[PDB]
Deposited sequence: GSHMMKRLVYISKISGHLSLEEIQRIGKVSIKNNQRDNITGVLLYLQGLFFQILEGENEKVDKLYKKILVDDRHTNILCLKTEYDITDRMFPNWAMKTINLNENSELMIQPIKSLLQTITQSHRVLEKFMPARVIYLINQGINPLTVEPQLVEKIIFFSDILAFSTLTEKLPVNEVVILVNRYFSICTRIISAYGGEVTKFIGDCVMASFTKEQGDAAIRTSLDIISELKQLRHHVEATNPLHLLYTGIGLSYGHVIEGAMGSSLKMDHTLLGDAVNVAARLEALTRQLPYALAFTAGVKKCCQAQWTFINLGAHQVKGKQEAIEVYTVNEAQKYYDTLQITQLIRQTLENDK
């Protein structure tokens, strides 16, 4: 039983690589692993093949290696019938250091496609990248009914802010907001589906109840630090958020046609979380979630019941989500500052 994987990576910092192939040779030679490692203008390409399990450890050892970064496994071939390089413990080819005409073609293509690839990667849904990082083709996965926590957040009084900031300040502000949201959601095990306007869409599993709530609090908290970090001429000092969470059945998977695919979550919980985010504009709290979310949590939160809003939904929060301000006073305090 043998398997084969392939990945691409980026070097972590700046002919320093002659000796690292002069480590791979020895330890692959010991587990009957073969494979190739290419190098071209800041980028790494490796193929690894051997019996399914001792292949898997070194790849974990490679994952945590200080000198490359941004690792993504493209293909996995399970129970391969025979090897692609039966004689190569680890063949190392520095494609930068070849000056023959006949190879410059393929060398330039390989460079252009993978640089393109790396840009496209940044626009993928987290979940599609994750599937590719196992050996699963996202255009062949059947979508599945699953129980998820759905997350939405967007910028408060953002219509006021688009009306009275120049375009280039708006973009600086929205990028900052997206990068803080994405960093914290990811750190806690969740996945960003997409951005919809100033809106961040994300989801967590039913086991990540407390992490979805911690995520929400850490985002609210980081905006608070940021607001007093900057000067009053910086649009960042007027940046506030509201967050809605919900929990339910959703159908998750890749959908559409061969003109266009997207990663999509179908089911009513998606709409519910969006309306709780909207609702926070009229509550003295910045986070609102359903009862189903409350029941997914193991930590000992102080829950606060906010009655039924709309068929009805019971709405809840935690008191650490309490505001130190009044929402109307700030949405018109944003208007006054902006003149």
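Any chance you could give me the deposited-sequence numbering of all the stretches lacking C-alphas?
Model skips 1-3, 18-20, 317-321, 351-353 of the deposited chain.
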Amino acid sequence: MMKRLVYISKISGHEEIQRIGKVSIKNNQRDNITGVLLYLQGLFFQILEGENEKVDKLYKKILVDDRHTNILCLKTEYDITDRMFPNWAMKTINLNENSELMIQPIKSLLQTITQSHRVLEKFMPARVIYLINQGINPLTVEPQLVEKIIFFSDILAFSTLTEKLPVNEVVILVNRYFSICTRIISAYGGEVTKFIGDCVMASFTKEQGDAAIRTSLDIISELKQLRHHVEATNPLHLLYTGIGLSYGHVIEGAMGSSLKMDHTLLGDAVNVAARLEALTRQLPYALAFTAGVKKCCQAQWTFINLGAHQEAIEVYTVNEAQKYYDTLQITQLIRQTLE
From here on, numbers count along this sequence of modelled residues.
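Return whichever of 162-170 and 83-91 has the greater mean Cα B factor according to the PDB record.
Here the higher of the two C-alpha B-factor means belongs to 83-91.
Segment of higher mean CA temperature factor, 135-143 or 176-184
Averaging CA B-factors over each stretch, the winner is 135-143.
Have a look at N28, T290, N271, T280 and flag the one whose Cα has the highest B-factor in the entry.
Among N28, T290, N271, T280, the highest C-alpha B-factor in the entry belongs to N28.
Lowest, middle or highest third of the chain for the C-alpha temperature factor of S246?
Lowest third of the chain for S246's C-alpha B-factor.
Lowest, middle or highest third: which one holds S99 when the chain's residues are ordered by CA B-factor from the entry?
Highest third - that is where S99 ends up once the chain's C-alpha B-factors are sorted.
Going by the recorded CA B-factors, say which third of the chain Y130 sits in, lowest, middle or highest.
Its C-alpha B-factor belongs to the middle third of this chain's values.
Taking the C-alpha B-factors as the PDB entry records them, is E191 in the lowest, middle or highest third of its chain?
For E191, whose C-alpha B-factor we compare with every modelled residue in the chain, the answer is the lowest third.
Ranked C-alpha temperature factor of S221 among modelled chain residues, by third
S221: CA B-factor falls in the lowest third of its chain.
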